[PDB]
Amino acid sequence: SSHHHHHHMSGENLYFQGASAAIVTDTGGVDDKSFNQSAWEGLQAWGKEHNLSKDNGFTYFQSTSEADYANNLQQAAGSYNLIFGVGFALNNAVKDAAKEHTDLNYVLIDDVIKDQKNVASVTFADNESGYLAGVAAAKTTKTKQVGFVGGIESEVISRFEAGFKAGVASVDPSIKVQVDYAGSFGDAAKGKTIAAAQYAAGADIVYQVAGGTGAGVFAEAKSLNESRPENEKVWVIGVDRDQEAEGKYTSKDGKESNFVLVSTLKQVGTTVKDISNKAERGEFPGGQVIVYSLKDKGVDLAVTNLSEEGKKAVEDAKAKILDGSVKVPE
């Protein structure tokens, strides 16, 4: 209102104190074309903005298994004061690290830790993007049979599954959803054989929600499509990032095309960047639970190769989810 007692601080003497941020990666690795890669692309974009480089202000620690989580979190505490655990599985390990290092800030992606001041929790309404993926799938199936390849049976993949089923049903409950789980997010070979089985049983679209396990689903659909007309190709739906690039193939009849129908987006990269900036400004949302949904565009659908009828069905379903008229289960 007034500030009579004041002093001028010359810009020459001012600085903003920076932070150093690292991600501890799950099984999938930073080359999973999906979840962990999204996080890493986000941390790199934050580094560029802050004039940093790899191992000079930001880095990743790749986890080899569940036992490596604690080791990687301890290593990260050496040089980094903002540490992301990327995946629900890191829940217990982040809890323990946050209690050893009360001076450092921790972020858990895809699960919730309560009552720890130095831990923020980030969740996505993956059911809402799953729903749109379901609507998209229903409006393009010829065989009225679609596949769902999950990674690890969990709260997180259950949201995608429930959402996807609800979304197919909202268009045509006739349509059969074959559900199979690979038991891993880093097992391409199991994805290949589950996809092979789902396509063989008459699925013409597979939603792969299995991280790097999903590379196998792409490899399978590529083989089937590489030995057929473009007319009769089978589709996969991408997850976490726009996966259009992974769907590039040549038909048997000479034609270059793409078998990625659509991708669910999960803006993990954006979350890493936005929270890294909050942390650096000394406004880290400790103890809070940040929920990203369709409303704030934290999840969305990329309508890559979808038909115009498909795009309209998705926009109408999105509208109804944003209204509150349609409630998506978990």
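All residue numbers refer to positions in the sequence shown, first residue = 1. So that the term is clear: the rigid core is the largest set of C-alpha atoms that superpose within 1.5 Å between two forms.
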**Message:** Comparing against the shown form in 4 other deposited structures of this protein, which stretch has the larger RMS C-alpha deviation after a rigid core superposition, 241-249 or 92-100?
**Reply:** 241-249
**Request:** Between 109-117 and 167-175, name whichever shows the higher mean Cα B factor according to the PDB entry.
**Result:** 167-175
**Fill in**
Of 321-329 vs 4-12, the stretch with the larger average CA B-factor in the entry is 321-329
**Request:** Pick out which of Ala162, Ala97, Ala137, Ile194 has the highest C-alpha B-factor in the PDB entry.
**Result:** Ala137
**Prompt:** Looking at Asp296, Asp55, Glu49, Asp68, which has the highest CA B-factor as recorded?
**Reply:** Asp296
**Request:** Compare the C-alpha B factor of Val209 with those of the other modelled residues in its chain, then answer lowest, middle or highest third.
**Result:** lowest
**Asked** Considering only modelled residues of the same chain, in which third does the CA B-factor of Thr304 rank: lowest, middle or highest?
**Response** highest
**Fill in**
Here the Cα B-factor of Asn36, set against its chain, lands in the third termed lowest
**Third of chain Cα B-factors occupied by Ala203** = highest
**Item:** Ranked C-alpha temperature factor of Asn277 among modelled chain residues, by third
**Value:** lowest
